[PDB]
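Okay, start26.pdb now, which holds PDB, C-alpha atoms:
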ATOM      1  CA  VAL A  84      32.040-112.806  42.417  1.00  0.00           C
ATOM      2  CA  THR A  85      28.589-113.876  43.665  1.00  0.00           C
ATOM      3  CA  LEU A  86      28.518-114.329  47.459  1.00  0.00           C
ATOM      4  CA  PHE A  87      24.964-114.729  48.808  1.00  0.00           C
ATOM      5  CA  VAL A  88      23.677-115.290  52.362  1.00  0.00           C
ATOM      6  CA  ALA A  89      20.688-117.268  53.689  1.00  0.00           C
ATOM      7  CA  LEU A  90      18.107-114.757  54.969  1.00  0.00           C
ATOM      8  CA  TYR A  91      16.392-117.683  56.733  1.00  0.00           C
ATOM      9  CA  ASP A  92      17.197-121.251  57.840  1.00  0.00           C
ATOM     10  CA  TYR A  93      16.254-124.098  55.473  1.00  0.00           C
ATOM     11  CA  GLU A  94      15.869-127.846  56.104  1.00  0.00           C
ATOM     12  CA  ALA A  95      16.762-129.760  52.921  1.00  0.00           C
ATOM     13  CA  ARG A  96      13.909-132.267  52.496  1.00  0.00           C
ATOM     14  CA  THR A  97      15.340-133.914  49.357  1.00  0.00           C
ATOM     15  CA  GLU A  98      18.759-135.246  48.286  1.00  0.00           C
ATOM     16  CA  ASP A  99      18.986-132.369  45.780  1.00  0.00           C
ATOM     17  CA  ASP A 100      18.577-129.406  48.161  1.00  0.00           C
ATOM     18  CA  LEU A 101      20.960-128.345  50.957  1.00  0.00           C
ATOM     19  CA  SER A 102      20.378-127.528  54.646  1.00  0.00           C
ATOM     20  CA  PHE A 103      21.753-124.578  56.651  1.00  0.00           C
ATOM     21  CA  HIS A 104      20.773-121.719  58.990  1.00  0.00           C
ATOM     22  CA  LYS A 105      20.169-117.990  58.406  1.00  0.00           C
ATOM     23  CA  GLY A 106      23.656-116.426  58.290  1.00  0.00           C
ATOM     24  CA  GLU A 107      25.419-119.117  56.224  1.00  0.00           C
ATOM     25  CA  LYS A 108      27.295-118.135  53.042  1.00  0.00           C
ATOM     26  CA  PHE A 109      26.780-119.718  49.601  1.00  0.00           C
ATOM     27  CA  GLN A 110      28.434-119.403  46.171  1.00  0.00           C
ATOM     28  CA  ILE A 111      25.750-119.156  43.459  1.00  0.00           C
ATOM     29  CA  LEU A 112      27.241-120.773  40.333  1.00  0.00           C
ATOM     30  CA  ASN A 113      24.079-121.273  38.246  1.00  0.00           C
ATOM     31  CA  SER A 114      20.929-119.253  39.023  1.00  0.00           C
ATOM     32  CA  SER A 115      19.014-118.656  35.773  1.00  0.00           C
ATOM     33  CA  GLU A 116      15.929-117.662  37.812  1.00  0.00           C
ATOM     34  CA  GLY A 117      13.410-120.499  38.281  1.00  0.00           C
ATOM     35  CA  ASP A 118      13.220-121.213  42.029  1.00  0.00           C
ATOM     36  CA  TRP A 119      16.110-123.533  42.960  1.00  0.00           C
ATOM     37  CA  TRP A 120      19.604-122.061  42.485  1.00  0.00           C
ATOM     38  CA  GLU A 121      22.799-124.148  42.681  1.00  0.00           C
ATOM     39  CA  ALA A 122      25.024-122.820  45.491  1.00  0.00           C
ATOM     40  CA  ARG A 123      28.196-124.362  46.958  1.00  0.00           C
ATOM     41  CA  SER A 124      28.513-124.434  50.765  1.00  0.00           C
ATOM     42  CA  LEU A 125      31.787-122.701  51.704  1.00  0.00           C
ATOM     43  CA  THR A 126      31.636-124.347  55.150  1.00  0.00           C
ATOM     44  CA  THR A 127      31.078-128.001  54.181  1.00  0.00           C
ATOM     45  CA  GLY A 128      32.102-127.646  50.515  1.00  0.00           C
ATOM     46  CA  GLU A 129      29.187-129.758  49.233  1.00  0.00           C
ATOM     47  CA  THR A 130      27.191-128.015  46.480  1.00  0.00           C
ATOM     48  CA  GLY A 131      23.411-128.433  46.097  1.00  0.00           C
ATOM     49  CA  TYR A 132      20.237-126.527  45.157  1.00  0.00           C
ATOM     50  CA  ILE A 133      19.054-123.901  47.672  1.00  0.00           C
ATOM     51  CA  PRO A 134      15.960-121.688  47.467  1.00  0.00           C
ATOM     52  CA  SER A 135      16.815-118.548  45.462  1.00  0.00           C
ATOM     53  CA  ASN A 136      14.324-116.556  47.568  1.00  0.00           C
ATOM     54  CA  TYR A 137      16.201-117.773  50.668  1.00  0.00           C
ATOM     55  CA  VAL A 138      19.469-116.131  49.552  1.00  0.00           C
ATOM     56  CA  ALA A 139      20.484-112.535  48.753  1.00  0.00           C
ATOM     57  CA  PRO A 140      23.527-110.774  47.283  1.00  0.00           C
ATOM     58  CA  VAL A 141      25.911-109.523  49.998  1.00  0.00           C
TER      59      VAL A 141
END
Rewrite the structure from the file as structure tokens, please.
Amino acid sequence: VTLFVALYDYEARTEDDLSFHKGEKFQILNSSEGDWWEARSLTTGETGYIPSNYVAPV
């Protein structure tokens, strides 16, 4: 299991990143370090690339 939370709000500025507010949950499926992890929004269901530094393990 890999449930992470957004420590801060983020405004997706591209069609590859996602947008949410601090307190949202995300399912990291492919991190591999780097800078942009792929998390799936459990609220909307759409998956995208959110800032790895903007999420943390619950």
(Q) Can you tell me which residues surround residue 103 of chain A at a distance of at most 12 Å, considering only C-alpha atoms, apart from same-chain residues fewer than 2 positions away, and format the answer as a PyMOL selection string? (A) chain A and resi 88-96+100-101+105-109+122-127+129+131-134+137-138
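Among the candidates A:104, A:110, A:86, A:115, the one nearest to residue 128 of chain A when counting only C-alpha atoms is A:110.
Going from atom CA of residue 135 of chain A to atom CA of residue 84 of chain A covers 16.6 Å.
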Q: Take atom CA of residue 141 of chain A and atom CA of residue 99 of chain A and report the distance between them in Å, one decimal.
A: 24.2 Å
Q. Applied to this file, what does the PyMOL selection byres ((chain A and resi 118) around 8) return in terms of residues, put as a count of residues only?
A. 7
